[PDB]
Structure formats: C-alpha cells, structure tokens
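Understanding the architecture of this molecule
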Amino acid sequence: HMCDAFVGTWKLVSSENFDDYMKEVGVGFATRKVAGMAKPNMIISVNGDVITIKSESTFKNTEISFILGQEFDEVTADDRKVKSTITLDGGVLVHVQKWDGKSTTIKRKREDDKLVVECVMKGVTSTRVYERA
Ligand SMILES: Cc1ccsc1-c1cc(-c2ccccc2)c(-c2nnn[nH]2)c(N(C)C(C)C)n1
C-alpha cells in the first residue's frame, strides 16, 4: 500500500518557472521551447515492490521502473543519461538524478486531489501541478 495515493493517471495542468529550471539544468533552447509546451500524462503504478512511472506526451515518452532506495539508470525527457535514486520521505517521493557531477531533485507529493511536482536545480525551483486524467 506504500504509494496507493500516487497510483493513477495524472494530466499536467500548470507549470511555473519550468523554463528557468531547465536553463539551470543545462537544457538547450529548442528542447526548452518544445518541452515547455507539452501537457504530459504521468501514469503511476505499483506491482509488488516495483513502482513504474510513465510519462506520455507529444514531445517525449519516458518510463522508469524502480525499487525504493535502489539506484537505476534513467534516460530523461531531455536526453540526459543519469543515475537516479527514488525514496519515500514522509510520504513524498523524492527522486534524485545524478549526471556529470551535477544533481537535481524532483519531489512528487499528493496535495488535495492533485499531484504536485517540485523540481529543484541549485537555487531554482519549478512547480508542476497534475490533476486526475
Ligand atoms: C526537460 C527536463 C529537465 C529536468 S527535468 C525535466 C523533465 C521534463 C519532463 C517532460 C516530459 C514530457 C514532456 C515534457 C516535459 C518531465 C515530465 N514528465 N512527466 N511530466 N513532466 C519531468 N518530470 C520529472 C516531471 C515529473 C517534473 N522532467
């Protein structure tokens, strides 16, 4: 039952400060512009200890499956090849991506009927809000 309230299909409804977050990460102009338009569906499921998070969109589709606390390889929407670890901390999924000596943290939280996603790179934060699809 670890992630019960995350399971489902979630559609992006709002994005704040995502262009500046992407800039801080190192994403180039064309990817920022096209990625910033998309309204992805984030599909979260659990089978045993394995959590799967898929994002489907116009831009790119992504898929990760993982066990909490166990590092894995990820290819991000912007084509970074990262080493990721996802944990549950106080009921928040905390996703850390490491690559080229850098790090970014993505938190997925249930708040009311929404899924709120906070992305942090150095001093820049972006907030993305998703509704049930
Ligand atoms: C470009 C970039 C740089 C650092 S992170 C990142 C990024 C990009 C996307 C995305 C996926 C498809 C279409 C458009 C953008 C998503 C995403 N996946 N699902 N929804 N947005 C995402 N997330 C982890 C989300 C959960 C915040 N992070």
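Residues numbered from 1 in each chain as written, not as in the entry; some residues may be left out. Heavy atoms only, no water.

Per the PDB record, the structure was determined using X-ray crystallography to 0.9600 Å resolution.

**Here's the deal with unusual backbone geometry**
Counted only if it meets this: Helix and strand assignments follow DSSP, with helices taken as H or I runs no shorter than four residues and strands as E runs no shorter than two, numbered in order from the N terminus. Throughout this description, buried means an accessible area under 20% of the type-specific maximum (1.4 Å probe, protein chains only), exposed means over 50%, and partly exposed covers the range between.
Of note, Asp 100 is a non-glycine position whose phi angle comes to about 45°, a positive value. Along the chain, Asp 100 falls in the loop between β7 (92-99) and β8 (102-111). According to the relative accessible area criterion, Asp 100 is exposed, its value standing at 70%. Phi at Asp 112 is positive, roughly 55°, even though this residue is not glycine. By the secondary structure assignment, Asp 112 is in the loop between β8 and β9 (114-121).

**Structural notes on the pairing of β7**
As a reminder, the rule being used: A pair of strands is labelled paired if DSSP reports no fewer than 2 bridges between them.
Within β7, six of the eight residues are buried, which leaves the element mostly enclosed by the surrounding structure. When strand β6 (residues 81-89) meets β7, the two strands line up antiparallel, connected through seven bridges. Its bridge partner lying in β7, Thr 85 is registered against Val 96. Linkage of β6 to β7, two consecutive antiparallel strands, is achieved through a turn of two residues, within which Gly 90 is found at a positive phi near 55°. Two elements, β7 and β8, share seven bridges in a ladder whose sense is antiparallel.

**Here we look at the site of the ligand**
Formally: The near set for a molecule or strand comprises every residue that places at least one heavy atom within 4 Å of it. Here a polar contact means two N or O atoms within 3.5 Å. Within protein one must be a hydrogen donor candidate and the other an acceptor candidate, and residues neighboring in sequence count only if both atoms are side-chain atoms. Areas reported here follow the Shrake-Rupley algorithm with a probe of radius 1.4 Å; residue values treat only the protein chains shown as occluding. Points on a 1 Å grid over protein atoms alone make up a cavity when a 1.4 Å probe fits among them but cannot get out, and a pocket when they form an open set with protein on both sides within 12 Å along at least five of seven lines; lining residues each have an atom within 4 Å of a point. Criterion for pocket placement: a molecule counts as inside a cavity or pocket if more than half of its atoms are within 2 Å of its grid points. Ten residues, namely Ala, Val, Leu, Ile, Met, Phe, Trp, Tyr, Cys and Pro, are considered nonpolar, four, namely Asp, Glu, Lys and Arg, are considered charged, and the remaining ones, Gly among them, are considered polar.
Among the 20 residues in the neighbourhood of the ligand, the closest are listed as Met 42, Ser 55, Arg 80, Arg 128 and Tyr 130. Between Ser 55 and the ligand, the recorded distance is 2.6 Å, taken from a side-chain N or O atom to a nitrogen atom. Computed on the free molecule, the ligand has an accessible area of 570 Å², of which 96% lies beneath the protein chains in the complex. Spatially, the ligand is embedded in the largest cavity. At three residues, the largest contribution of residues to the shell around the ligand is made by helix α1 (residues 18-25). Of the residues belonging to the shell around the ligand, the class tally is 13 nonpolar, two polar and five charged.

**Structural notes on empty space enclosed by the protein**
Counted only if it meets this: Grid points are joined across faces, edges and corners, and a volume is the space filled by probe spheres set on the points.
This model, assessed by the stated rule, comprises one cavity of 30 Å³ or more. Taken as a whole, the largest cavity holds about 620 Å³ of empty space. What lines the largest cavity is a set of 32 residues, and nearest its centre among them are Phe 18, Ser 55, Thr 62, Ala 77 and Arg 128. For the lining of the largest cavity, the elements supplying multiple residues, two or more each, are α1, α2 (29-37), β3 (50-56), β4 (62-66), β7, β8, β9 and β10 (124-132). Looking at side-chain class alone, the lining of the largest cavity contains 17 nonpolar, seven polar and eight charged residues.

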